[PDB]
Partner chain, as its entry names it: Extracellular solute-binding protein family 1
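Taking the form deposited without its partner chain, here's one chain by itself in structure tokens.
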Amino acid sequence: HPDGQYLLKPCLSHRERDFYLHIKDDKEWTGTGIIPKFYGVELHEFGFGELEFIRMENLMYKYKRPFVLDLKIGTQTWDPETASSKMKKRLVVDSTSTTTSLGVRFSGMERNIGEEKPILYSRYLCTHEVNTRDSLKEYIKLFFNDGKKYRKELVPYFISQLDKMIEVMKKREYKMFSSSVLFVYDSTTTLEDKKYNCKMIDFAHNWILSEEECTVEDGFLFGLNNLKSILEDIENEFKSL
């Protein structure tokens, strides 16, 4: 993980660029803190011309011991622009993971428990080892295990973030395919340090419904509520701890 305050990601399409430029201003997205702060689209040398890069905050700036969990949200991760040659793999991963059943699946995790290097949990565990609600819930509990203790004081923050995501997406302004909800914290944090975060990311396949049409359904809201419901169960199960 690069340590700079800002990170730069290339623009793969203008579908992604256009989303960030459209909600950059919006108080309901930026003021509510459910997306990473976006600083602009800048140009950088590529060959004999230039390429567009998204500048965004480094959510893990100055994180001493990073914990990261990436969950894909939605009942499908393909959309109308998905190439047909890609579709078998999308269908397989979607159905053998929890994506079609819950609208949320495991996408990768990293834990730093004082023993370098950080323990990496492959995204590809989602089709076997993390392929049910219960195993998903347990892998999220593991995210909250720093190795010394379960960080139960952080869970209400994450639920609060989900509530804010639900409220915004209930508006049904967009459809979003293959987006993630990103969980991070620095295990050396206190509550007061506020070195923890939950943000929606990955907007390359977002659709602005008032500006273009997208017939297929994302199952995004369905996914959020199930994610929310998992975190509440975790909250309850952490009470006797």
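Numbering follows the first chain given and starts at 1. For clarity, a rigid core is taken as the largest C-alpha set superposing within 1.5 Å between two forms.
As the entry records it, the average C-alpha temperature factor is higher for 42 to 50, out of 177 to 185 and 42 to 50.
Two stretches are in play, 71 to 79 and 165 to 173, and the higher mean C-alpha B-factor belongs to 165 to 173. Comparing C-alpha B-factors across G108, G103, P156, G147 in the deposited entry, the largest value falls on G147.
For the set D134, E129, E116, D94, the maximum C-alpha B-factor listed in the entry falls on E116.
In the deposited entry, the Cα temperature factor of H205 sits in the middle third of values across the chain's modelled residues. Looking at the C-alpha B-factors along this chain, the one for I35 belongs to the middle third. Per the PDB record, residue ranking by Cα B-factor puts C198 in the lowest third of the chain.
Another form exists, solved in complex with its partner chain; not displayed. Remarks below refer to it.
Its partner chain in the entry with it bound is not approached by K194, whose heavy atoms all lie more than 4.5 angstroms from it.
Among residues of the shown chain, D3 is one whose heavy atoms approach its partner chain to within 4.5 Å in the entry with it bound. Taking the partner from elsewhere, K62 is found to have a heavy atom lying within 4.5 Å of its partner chain in the entry with it bound. Residue contact check for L51: one or more of its heavy atoms lie within 4.5 Å of its partner chain in the entry with it bound. Listed stretches are 40 to 48, 172 to 180, 203 to 211, 26 to 34; the contact stretch with its partner chain in the entry with it bound is 40 to 48, by a heavy atom cutoff of 4.5 Å. The rigid-core alignment places the CA of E50 2 Å or more apart between the shown form and the other one.
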